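Chains as they are written, first to last, in the authors' numbering: chain H, 3 to 109; chain G, 3 to 109; chain F, 3 to 109; chain E, 2 to 109; chain D, 3 to 109; chain K, 1 to 336; chain L, 1 to 336; chain M, 1 to 336.
Even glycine gets a Cβ: it sits at the ideal position worked out from N, Cα and C.
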Amino acid sequence: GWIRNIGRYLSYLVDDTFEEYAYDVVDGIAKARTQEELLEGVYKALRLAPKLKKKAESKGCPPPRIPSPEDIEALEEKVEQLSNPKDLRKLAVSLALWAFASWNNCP
Amino acid sequence: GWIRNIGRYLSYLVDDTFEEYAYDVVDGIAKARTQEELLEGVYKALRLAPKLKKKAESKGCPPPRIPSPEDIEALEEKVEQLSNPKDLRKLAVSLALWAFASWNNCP
Amino acid sequence: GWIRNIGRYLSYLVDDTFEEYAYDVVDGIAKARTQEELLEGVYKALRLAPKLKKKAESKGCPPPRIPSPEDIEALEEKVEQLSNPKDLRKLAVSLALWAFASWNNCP
Amino acid sequence: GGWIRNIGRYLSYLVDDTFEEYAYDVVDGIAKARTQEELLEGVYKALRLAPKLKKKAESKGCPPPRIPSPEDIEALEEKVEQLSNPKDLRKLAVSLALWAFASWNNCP
Amino acid sequence: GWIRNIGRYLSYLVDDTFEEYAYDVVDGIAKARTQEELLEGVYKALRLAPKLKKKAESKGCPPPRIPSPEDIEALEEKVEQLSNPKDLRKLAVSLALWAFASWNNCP
Amino acid sequence: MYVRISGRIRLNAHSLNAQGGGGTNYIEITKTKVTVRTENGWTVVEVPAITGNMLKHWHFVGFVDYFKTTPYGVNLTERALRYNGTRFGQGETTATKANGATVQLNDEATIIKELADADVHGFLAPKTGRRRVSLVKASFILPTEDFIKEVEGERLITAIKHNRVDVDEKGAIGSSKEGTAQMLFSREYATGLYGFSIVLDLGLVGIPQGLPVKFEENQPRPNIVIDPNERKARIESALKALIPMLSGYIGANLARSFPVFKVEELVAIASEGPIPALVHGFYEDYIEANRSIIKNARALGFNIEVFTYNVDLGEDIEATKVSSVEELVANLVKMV
Amino acid sequence: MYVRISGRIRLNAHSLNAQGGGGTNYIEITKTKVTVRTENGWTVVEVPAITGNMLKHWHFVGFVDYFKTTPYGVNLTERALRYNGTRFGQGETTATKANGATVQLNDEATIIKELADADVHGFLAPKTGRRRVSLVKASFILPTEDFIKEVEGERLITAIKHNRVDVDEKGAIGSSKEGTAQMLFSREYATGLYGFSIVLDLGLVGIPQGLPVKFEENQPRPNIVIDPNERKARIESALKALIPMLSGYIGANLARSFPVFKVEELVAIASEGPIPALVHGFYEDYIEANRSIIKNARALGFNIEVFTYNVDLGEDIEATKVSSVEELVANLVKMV
Amino acid sequence: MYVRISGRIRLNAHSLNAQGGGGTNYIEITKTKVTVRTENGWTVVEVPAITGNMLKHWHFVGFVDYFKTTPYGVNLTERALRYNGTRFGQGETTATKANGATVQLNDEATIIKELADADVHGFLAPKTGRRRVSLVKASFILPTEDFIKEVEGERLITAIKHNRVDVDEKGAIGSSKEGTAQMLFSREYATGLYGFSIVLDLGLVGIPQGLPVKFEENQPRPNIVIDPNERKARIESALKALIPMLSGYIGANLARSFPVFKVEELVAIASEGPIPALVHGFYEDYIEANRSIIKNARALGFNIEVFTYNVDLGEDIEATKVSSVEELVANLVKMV
C-alpha cells in the first residue's frame, strides 16, 4: 500500500552503485514528529531525483523508479488525518526502516 | 523461521571479529514495551548496515547477511496485529534471545 | 540433549571462580510462570555470555560453552505450544536445575 | 541406581547440626512430592542452598559438601521423565527424602 | 539384623521419659499394606530427630542416637523385592514390636 | 434463641494455630487432610487449617471482653478473667469467683448462676462428675474447595526466618558459651480464601440441663435460675462476641502476624425454635444448598430470619441485606 | 484506650526486612504469597513484604525513643536503651534496670511497674514462667491487591549489585589468598503501594494480667499499679511513637536505603471501649467496608472517634480530616 | 542536631554509579523501578538512580575532608585518610590511627573516642562483635514523579561511546595479537531532575550505644565520652560535609563526568529532639506534604526550625529563606 515505492526511492540514495549518499534525509525521516518538518523532509528527499536520473545512464543500469505523482499525493490525505504523535511517527520510522534491505537497485 | 535470518544479522553486531559491541540497541529491542519502541530498536539495529558491509572484506570475512526485504513485510504485518503488551513483549524478547548465540561467522 | 548444553551454560553464572554471582536470572528462570517470563529470563541469562567469554581468558579457564543457535531456535517453538503453566513449570525447573551441579568449569 | 544416596548425602546438609541452616520446608516439600513438577521444584529449592553450604563449610573447618554431580542430575531427570504414575512417584520421593535424616560424619 | 538400632529409635517416640507421645508413626509403620505408606510412616518417625535429640539435651541425660546411614540403604535394598504383603508383615509388625520394649535410655 | 452462621473469609499472611515447635526452631503450621471431589475422582489434599478448639477459645475471650463491661460482670471466674481456658481441672472442687468468693461444684444450677463462662461455654468437673455441654459449637477453618481447584495447590505456604538479637552490655552475639541466646527460628505463613461456620445454641443460658422444665400444672416453661435481665445481658454479650471474630481477632501470633482477615461473604439464620445448621462454607456449592435449606425450612413452619452479606439468595427468599458484621449483630440483638 | 489505624503508603527503592545472606554475597528481601481475584479465579502470586515482627520492633524503638525524654523515663529496662528487643530472653532470672538496679522476674506487677517496654510490648520469662501478651499488635505489610492486579505480573524487584572497596595499606586489591576481602554483594530493592494495619490497645497499660480488676465493692475498678500520671505519660509516648513509623523510620538498611516514604492515605478509629479492628488497606474495597464498619458501629453504642487522611468516607459520619499523621497523633493525645 | 533535608536537584549529563560491567567495553548506569500513578492505573518504570551507599560514602569523604583541618583531626583511622570506604575488615582485630597508633576493637566507647569516622558513620567488627548504627542515613536519588510522568517515554540515557587511543614508540596502533591495551569503553550518560532526602541523627555523636544515657542520681545525662569541644568540632565537620555534596561532588566518574549540577529547591529542619523523618522530594506534592508536617509539628511541642530554598512553604510557618547551601550550613552550625 503505497509504501514500497517510497521505500525504493529512499533506498536508491543510500544503496551502492551510486555516488550520492545523503544519510541526512533518511535520518531525518525516521526522526520526525510534526507535519511540517516531515513534509519538508520528504520534499527534500524527492528533490534529489534529478541527480539520480542524470547519473542513472552513467552506469547503464535501468534508471531508478521515481514514485508516481498519485503515490506522492496520497501521502497528503494520509497524514492530514493523523493528529496523535504515536501514529504520526510510526509511518515516519517505517519509511526509514524500508530503506535498508538487500535487493538490487539496477543491473 | 523468518526470524533466524534477521537474528543472525542482529548477532553480527554484538560478537567479536566485528568490533561493534552495540549492546544498547539489542537491549532496546529486547526491552520494548510499546510497538513504537520495538520499531525504533529494529530501525537502529538495521541502521548499521553500510558500516558492516565493506568492513567484513577489509577484515577478511564473508559479507554479512542483511535480512531479505520479504521478511520486513512479515514483521510489519505481525507488529500491526500485535497490540497487547504480552505478545508484543514476547515477540521483542524472541527477536533477541540468540543475539548472543555462537553463530559461526568469519571462519 | 538440548537441555544439557543450556544447563551447562547456566551453571557458569554460579560456581567457584568466575566471580559473577547472578542468582536473579536463575531465580527468574526457575520461578517463571508464563512464556514471556521464561523468555526474558533466558535473555537475561544469555546477556552475560560476553562477560563469561571475556572472563574465561582473564583467569585462564577454558572458554565457556556458549549455546549454539540450533538449540535456542528449537527451544523457542518448543515453548510456543504450552497453554498450561503446569507443563511450563517443569520445563523451567529442568532448565534451571543444572545451574547448581558439580561441573568442571575450570579444570 | 546408586545416585539416590549421592543426592541424599547433599540433602542431609540441610537438617544436620554444625551448619545452622535448618531448612525443613524443602525437605518436607520433597518428601510430600505429589507430582513430578513440584518434586523437581523441591529438588531445585534444595540445590539453591548449595552455594551457602559450600562457602560456609570452609568457614568452620569442615570438608566442603559433596554437591551432586551432573550425572546425578541426569539420572534424576531421566527417572522423572519416564514416571507419570504417583504409585511409584511416592516411593521415589520418599527414597531420597529419607536420607536427609542420617548420622553422617560431615565434620570429624 | 539392623533392627535394634532402629527399634530403639522408634521406642524413643513412645518412652515415658520423652513426653511427646507420637503414636501415629508406630501405627503407620505397623499397619502398612504396601510399600509407600510404610516408607511414609518410617519417614514421619525419622522426621522427629531434632525433637528427640535437643529435648533429651535439655533434660541432661545423653541424647538419643539417630540410626546410622550404613543400614539406611539396608531397609530399602530389601523392601524393594518384598512385593507380597504376607512376607512384608514379618518385619512390618516387628518394627513396631521392638518399639514397645523396655530400652532403658537414660537414668 | 438459636443462631447459625456460615461464609467465606479471605486470609493473607496468617500464622494462626501453628504446632509451635515446642523443642525446635521450626514452627510448623497445622495441617489437615480434606477430600476434594475433582473431575478426576475424589482425592485427599493436605491444607493449612485452624482447629475449632482455638476458635472456640477466641469466642470465649470475646465473650468475656464484652461481658466485663456489662454491670453483671461480677459473675465471672478468676481464671476466665485471665483468659485461662481451663474449667475445673481434675482434683479440684471449688471455683474462685472474680469477686473473690468461692463457688462450690456440687450443683450445676449454682455454678451456672454464679459463673457466666461455665454457663455459656459448658464445663466439666471430673472430681464430682458435674458436666454441661457447651452452648457454642465451632467448626474447623478450611480453604474453600474451588480455591484448591483453581490454584492447583501451589503449597500455599512460605517460611520466614526471624532472629533473636541478643546484644549484651558489651554488644556481642556470644559463642553459645557465655550464656547468650542468639539464634534464628522460623515461622510458617499461609493465605487463601477460608470458610467458617459457627453455631450459637443460645437457648439454655441460665437454664440447667438436669431439669430444663418445671411442669407446675403440666405445661412447658423454661427453668431459669437467673432474672431475665441477666439472661438478656448474657445473650447480648454472646452475640456481640462475634464482633472480635469477623474483624480479625481470630488466631495466635497476633502480636506479629495479625491476619489481614477481610470477610468476603456470609449468610446467617436466627430463630427461637430448633433450626438445622447451614452448609459449611468450605464447599463450593453452598449458596444453592443454603438457599434450599432455608426455603424448605421456612416452608415447614419455622419462623426463621435470614441475613445475607455479599450473597444474593435469589429473590423469592425474604432475607435482609446486611452491609457488615456489626450490622448483623445489631440486627440479631434487636430481636431479643 | 484502644486505637486502630490502617492505610496505604507508597514505597520506592526500599530494601526493608531482607532474608540476609548467611555470610554470602547475595541478600534478598522477604517474599510471601497472596491471593487475588484477577477476574479469572483466585490466583496466588508471590510478592515482597516486610514481616510484622520487624514493624513491631520499630514501634518499640520509637516508643523507647519518645519515653526517655519523659521525666518518668527512669522506669525502663537498661537493655532497651540500646534498642535490644530481648525482654527477658530464655535463661534469665534478674532483669537489669536503666537506673542500675535489678528486677526479679516474678511478681508481674513489679515487672510492669518498673519496666515500661515490658508494660507495652509484653514479655516472657520462661525460667519462672511469667507471660504478658503484647498490647501492640502489628500486621504484615503487603502490596495492595489492586496494584498487583493492575500491574499484570511483571515482577518489580530489581537486584542492584554495589561493591565493597578494600584498599590495602599499599593501595592494592587482591583475593583471599593474600588476606583481603573483596566481594561484590548484591541486594534486592523493591517498590509499590503497600498497606498497614497497625492495631494497638492501651487499656491494659500498667494493668497486670493476673487481676485486671479489684472489685472493692462489686465495681469494675481498674487495677492500676503505677501512678496515673505515669500511665498517661506511657500512653502519650506510645501514641507519639507513630511519628517515626509513618515518617520513614521502619525497616532495615536505613543507612544505605532509607525507604522513599509517603503515606498515601489512612483511617484511624479510637475508643475507650473494645472495638472491632479496621480491615486492612491491602484490599481494593477496604475503604467502603471501613465506612460500613464505622457507620454500623456508632449506632450499636460505641463512642468511636474517626480520623481520615484525604479519605472521603462518604458523609453523615463524624470523621475528622487530618492533614498529616502528626496532626492525627495530636488529636489522639488530647483524648487520653 | 537531628537534621533532615530533602529537595530537588537538576542532575544533567551525569554518569554516577554505573553498573561496573565487569570490565568489558560496555558499562551502564544502574537502574531501578519506581511506581507512578499516571491517573490511569499505577505502573512501574525503570529509570537511572544513585544508590544510597554512594551518597553515604561521599558524605564520609566530605566529613573527613572537613575534619582534617580541625586541630582535633588526629583521631582519624589510617584507612580513612586515603578515603577508603571500608570501616573494619572481616577478620581484623586492631585499627590504625592517622599518627600510626593501634586501637583495640572491644569496648566501643574507646573506639568512638579515638576514631572520628567510625564514630559518626558506624562500624562493624565481625571478630569481636562490636557494632554501631550509622548516625548518617541517606536515601536513593530518583527522578521525580512529575518529571518521570510528563516525559512520556524519553529514555534519557544516551550511551556515549568514547575509546582509548594507544600508540607505541613507532606510532603504530597495533592489533589484537600485540594487545596494545585498546578497548572501546562505552559509557551511559543520563539526565533529569532528581530528589534527595538524606538525614543526620548527629545528636548521638560521641556517645557509646551500649549506655547512651547515664544516671547520676535518678536523672538522665548524655554519656559524652569525648570532650565537648571535640563533639562540637565533629558536629561542625559533619554539617559542613554537605557543602561538597550539593555542589557536584557526589557519585563516580568525576574525572570525566563531573555532573552539571544545580539544586532546584530544598527544605531542611534542624530541631533538637527526635523529630519525624522528612518525606522524600521524589513525590510531586511533597511541599504540601511538608507544609502539613512542620506547621502542625510545632503545635505538639517540637522546636522545629525550618530553612527553605526556592520553596514557599506557606506564610504562617516561620521559615528562614536561605539563598544558597553553605549559608544553610552556617545557620545549622550557629546553634552547634
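Can you tell me the Cβ-Cβ gap for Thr128/M and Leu105/M, rounded? I've got them flagged as a contact below 8 Å.
The beta carbons of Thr128/M and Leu105/M sit about 5 Å from each other, so the pair counts as a contact at 8 Å.
Where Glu79/E sits in the DSSP three-state scheme
Note: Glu79/E maps to helix in three-state DSSP.
Going by the DSSP bridge assignment, what does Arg8/K pair with across the sheet?
For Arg8/K, DSSP records a beta bridge to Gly195/K, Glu265/K.
Closer than 9 Å at the beta carbon, the chain D residues around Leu99/E
The contact set of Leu99/E on chain D, defined by CB atoms closer than 9 Å, consists of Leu41, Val44, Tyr45, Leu48, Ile74, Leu77, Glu78 in chain order.
Taking a cut of 9 Å between CB atoms, which residues from the region 256-277 of chain M lie near chain L?
Hits within the stretch, in order: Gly273, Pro274, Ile275, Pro276, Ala277.
Chain E contacts from the region 14-30 of chain F (Cβ-Cβ distance under 7 Å):
Flagged, chain order: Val16.
So, at 6 Å on beta carbons, what are the nonlocal neighbours of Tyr309/L in its own chain, with the 5 sequence-adjacent residues on each side left out?
Leaving aside the five residues that flank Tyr309/L on each side, the residues in its chain whose CB is nearer than 6 Å to its CB run, in chain order, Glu265, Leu266, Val322.
Which chain F residues are close to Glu38/E, counting only those with a beta carbon under 8 Å from its beta carbon?
The answer, in chain order, is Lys88, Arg91, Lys92, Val95.
Select from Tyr45/E, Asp17/E, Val95/E the residue whose C-alpha is nearest the C-alpha of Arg91/F.
Shortest Cα-Cα distance from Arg91/F to any of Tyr45/E, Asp17/E, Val95/E involves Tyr45/E.
State the DSSP-derived secondary structure class of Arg131/L, mapped to helix, strand or coil.
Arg131/L falls in the strand class under three-state DSSP.
Would you check if there are 3 or more beta carbon pairs closer than 8 Å linking the region 65-76 of chain K to the region 235-243 of chain K?
Because the criterion of three Cβ pairs below 8 Å is met, the region 65-76 of chain K and the region 235-243 of chain K touch.
Measure the alpha-carbon distance for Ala125/K versus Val225/K and round it to whole angstroms.
Computed Cα separation, rounded: 20 Å.
If I measure Cβ to Cβ from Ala24/E and keep anything under 7 Å in the same chain, skipping five residues before and after, which residues do I get?
Residues of the same chain with a CB within less than 7 Å of the CB of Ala24/E, apart from the 5 flanking positions on each side, are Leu15, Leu50 in chain order.
Expected contact under 8 Å - CB spacing of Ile50/L and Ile141/L to nearest Å:
With 8 Å as the limit, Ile50/L and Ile141/L qualify as a contact, their Cβ atoms being about 5 Å apart.
Taking CB distances under 9 Å as the criterion, tell me whether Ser85/H reaches chain G.
False, the Cβ-Cβ gap to chain G never drops below 9 Å.
Taking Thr24/L as the query, report the chain E residues whose CB atoms sit under 7 Å from its CB, ordered along the chain.
Correct list: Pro52, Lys53, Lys56.
What's the gap between the Cα of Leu97/G and the Cα of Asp29/G?
C-alpha of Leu97/G to C-alpha of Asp29/G: approximately 11 Å in a straight line.
How far does the beta strand (DSSP E) with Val44/K in it extend, from its first residue to its last?
Residues 43-48.
In three-state terms, what does DSSP make of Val165/M?
Correct three-state label for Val165/M: coil.
Distance CB(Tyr189/K)-CB(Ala13/K) smaller than 9 Å:
Yes, the Cβ-Cβ distance between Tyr189/K and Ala13/K is below 9 Å.
Report yes if the C-beta of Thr32/M is less than 8 Å from at least one heavy atom of the ligand ADP; otherwise report no.
Because no ligand of any kind appears in the structure shown, any question about the ligand ADP cannot be addressed here.
Ends of the alpha helix (DSSP H) at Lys31/M?
First-last for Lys31/M: 31-36, but that is the beta strand (DSSP E), not the alpha helix (DSSP H).
Quick one: which unbroken beta strand (DSSP E) runs of 3-plus residues sit fully inside the region 19-99 of chain E? Chain order, please.
Whole beta strand (DSSP E) segments, 3+ residues: zero.
Do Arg231/K and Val205/K have their beta-carbon atoms positioned less than 9 Å apart in this structure?
If you check the CB distance, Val205/K and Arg231/K come in under 9 Å.
Would a check of beta-carbon distances place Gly179/K closer than 9 Å to chain M?
Judged by the 9 Å Cβ criterion, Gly179/K is not in contact with chain M.
Using a Cβ-Cβ cutoff of less than 7 Å, which residues in the same chain neighbour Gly73/K once the five nearest sequence positions on both sides are dropped?
Taken in chain order, the residues that qualify are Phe67.
Given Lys113/L, which residues of its chain have a CB within under 6 Å of its CB, disregarding the five upstream and five downstream residues?
When the five nearest sequence neighbours on each side are left out, the beta carbons in the same chain lying within less than 6 Å of the beta carbon of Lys113/L are those of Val225, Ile226, in order along the chain.
Tell me which residues share the same chain as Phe302/L and place their Cβ nearer than 8 Å to its Cβ, disregarding the 5 neighbours each side in the sequence.
The beta carbon of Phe302/L is closer than 8 Å to those of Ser271, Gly273, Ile275 in its chain, skipping five residues each way along the sequence.
Determine the closest residue to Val133/L out of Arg82/L, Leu328/L, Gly210/L, with distance taken between C-alpha atoms.
Nearest to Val133/L by C-alpha distance, out of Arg82/L, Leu328/L, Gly210/L, is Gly210/L.
Roughly how many whole angstroms lie between the Cα atoms of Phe147/L and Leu193/M?
Rounded to whole angstroms, the gap between the alpha carbons of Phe147/L and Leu193/M is 26 Å.
Within-9 Å CB hit, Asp119/M to chain A
Of the chains in the structure shown, none is chain A; the protein chains are H, G, F, E, D, K, L and M.
So within the region 231-263 of chain L, which uninterrupted alpha helix (DSSP H) runs reach at least 4 residues, ignoring any that extend past its ends?
Entirely contained in the region 231-263 of chain L, the alpha helix (DSSP H) runs reaching 4 residues are, in chain order, 242-245.
Same chain only: Cβ atoms within 7 Å of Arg37/L, ignoring 5 sequence neighbours per side
Within the same chain, no Cβ atom closer than 7 Å to the Cβ of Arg37/L is found once the five residues on either side in sequence are excluded.
Under 9 Å by beta carbon: chain H residues contacting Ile68/G:
Result: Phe102, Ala103, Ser104.
Strictly below 8 Å CB to CB, what residues from chain L border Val279/M?
Neighbours of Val279/M on chain L, chain order: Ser247, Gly248, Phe261, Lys262.
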